[PDB]
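Residue numbers (my numbering), protein chains in the order written: chain A, 158 to 208; chain B, 127 to 177; chain C, 5 to 56; chain D, 16 to 66. Notes follow once the structure below has been shown.
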Amino acid sequence: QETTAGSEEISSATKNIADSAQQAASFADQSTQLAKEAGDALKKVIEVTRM
Amino acid sequence: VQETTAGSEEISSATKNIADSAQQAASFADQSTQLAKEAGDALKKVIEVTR
Amino acid sequence: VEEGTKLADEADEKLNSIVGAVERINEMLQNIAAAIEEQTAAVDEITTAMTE
Amino acid sequence: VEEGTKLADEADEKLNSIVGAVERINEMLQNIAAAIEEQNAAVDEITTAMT
Numbered sequence: 158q159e160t161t162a163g164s165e166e167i168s169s170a171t172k173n174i175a176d177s178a179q180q181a182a183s184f185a186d187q188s189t190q191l192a193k194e195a196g197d198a199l200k201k202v203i204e205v206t207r208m
Numbered sequence: 127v128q129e130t131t132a133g134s135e136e137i138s139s140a141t142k143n144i145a146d147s148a149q150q151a152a153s154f155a156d157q158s159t160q161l162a163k164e165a166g167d168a169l170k171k172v173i174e175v176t177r
Numbered sequence: 005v006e007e008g009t010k011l012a013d014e015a016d017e018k019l020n021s022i023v024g025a026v027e028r029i030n031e032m033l034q035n036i037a038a039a040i041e042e043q044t045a046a047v048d049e050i051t052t053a054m055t056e
Numbered sequence: 016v017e018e019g020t021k022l023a024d025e026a027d028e029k030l031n032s033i034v035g036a037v038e039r040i041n042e043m044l045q046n047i048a049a050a051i052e053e054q055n056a057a058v059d060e061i062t063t064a065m066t
């Protein structure tokens with residue numbers, strides 16, 4: 158009965174982490190894309206500045 | 127009971143991996159917020175030059 | 005200089021959005037941390053119960 | 016303008032340090048992805064045992 162209860166909170170925790178992980182992986186992709194725009198605008202402002 | 131313990135050993139191994147991977151992910155998240163605050167505070171003192 | 009000033013404030017806004025984005029990662033990792041703590045206690049009670 | 020071009024090239028290198036840090040975050044999130052499928056497999060092995 159104690160093991161059954163522990164295995165329930167292990168199942169629930171695993172699903173909560175699976176959902177949280179899914180979301181955090183999405184945010185990491187969104188973060189690299191804004192580093193693509195931020196670096197594009199900075200390798201062009203250095204080009205305007207040096208001109 | 128030996129079988130249950132072997133699955134518990136897999137849970138153990140996986141939960142140590144997630145506890146360490148998440149502590150190291152978080153350690154690069156604070157480095158990424160600090161490098162963001164640095165690159166921003168730098169860039170605004172290039173805006174100080176353009177104005 | 006005016007076109008380059010708004011282009012500098014284009015990288016600055018994108019960097020401000022990465023702070024936000026990374027703090028969504030941080031909020032998610034903190035939810036995994038609390039879940040792992042509850043799971044770490046549950047795996048303990050099973051590994052004690054199977055040795056018992 | 017010479018030292019404004021320099022500060023912007025220092026902010027480039029501090030933005031290339033985020034492009035390295037966010038690559039480490041993605042690898043750490045792939046390390047919890049591989050462990051979350053181990054947790055579900057391990058709890059299927061514990062559930063048939065506790066039953």
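We treat Cβ as the ideally placed atom computed from N, Cα and C, and that holds for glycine.
Okay, do the region 45 to 55 of chain D and the region 167 to 175 of chain A touch, 3+ Cβ pairs below 8 Å being the bar?
The answer is yes - the region 167 to 175 of chain A touches the region 45 to 55 of chain D, with three or more Cβ pairs under 8 Å.
Does the region 179 to 196 of chain A come into contact with the region 38 to 47 of chain C, if we say contact requires no fewer than three beta-carbon pairs (one atom in each stretch) closer than 8 Å?
Counting C-beta pairs closer than 8 Å gives fewer than three between the region 179 to 196 of chain A and the region 38 to 47 of chain C, which falls short of the contact rule.
Taking the alpha-carbon positions, what's the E17/D to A155/B distance?
Their backbone Cα atoms lie some 33 Å apart in a straight line.
Do you know how far the Cα of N35/C is from the Cα of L161/B?
Going by the C-alpha atoms only, they are around 24 Å apart.
C-beta neighbour in chain D for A198/A, strict 8 Å:
Closer than 8 Å: no.
Does DSSP put residue 14/D in a helix, a strand or coil?
Residue 14/D lies beyond the range of chain D shown here (16 to 66); nothing can be said about it.
By how many angstroms is the C-alpha of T130/B removed from the C-alpha of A165/B?
For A165/B and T130/B, the gap between their C-alpha atoms comes out near 51 Å.
If you reduce the DSSP assignment to three classes, tell me which class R28/C lands in.
In the structure shown, the three-state DSSP call for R28/C is helix.
Check whether chain A comes within 8 Å of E49/C, counting only Cβ atoms and requiring the distance to be less than that.
Yes, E49/C counts as interfacial toward chain A.
The alpha helix (DSSP H) spanning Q150/B covers which residue range?
Run containing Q150/B: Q128 to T176, per the alpha helix (DSSP H) assignment.
On the CB-based measure, 16 or more other CB atoms within 10 Å of its CB, does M208/A come out buried or exposed?
Flag for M208/A reads exposed.
Would you say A162/A lies against chain D (beta-carbon separation less than 8 Å)?
No, because no Cβ of chain D sits closer than 8 Å to the Cβ of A162/A.
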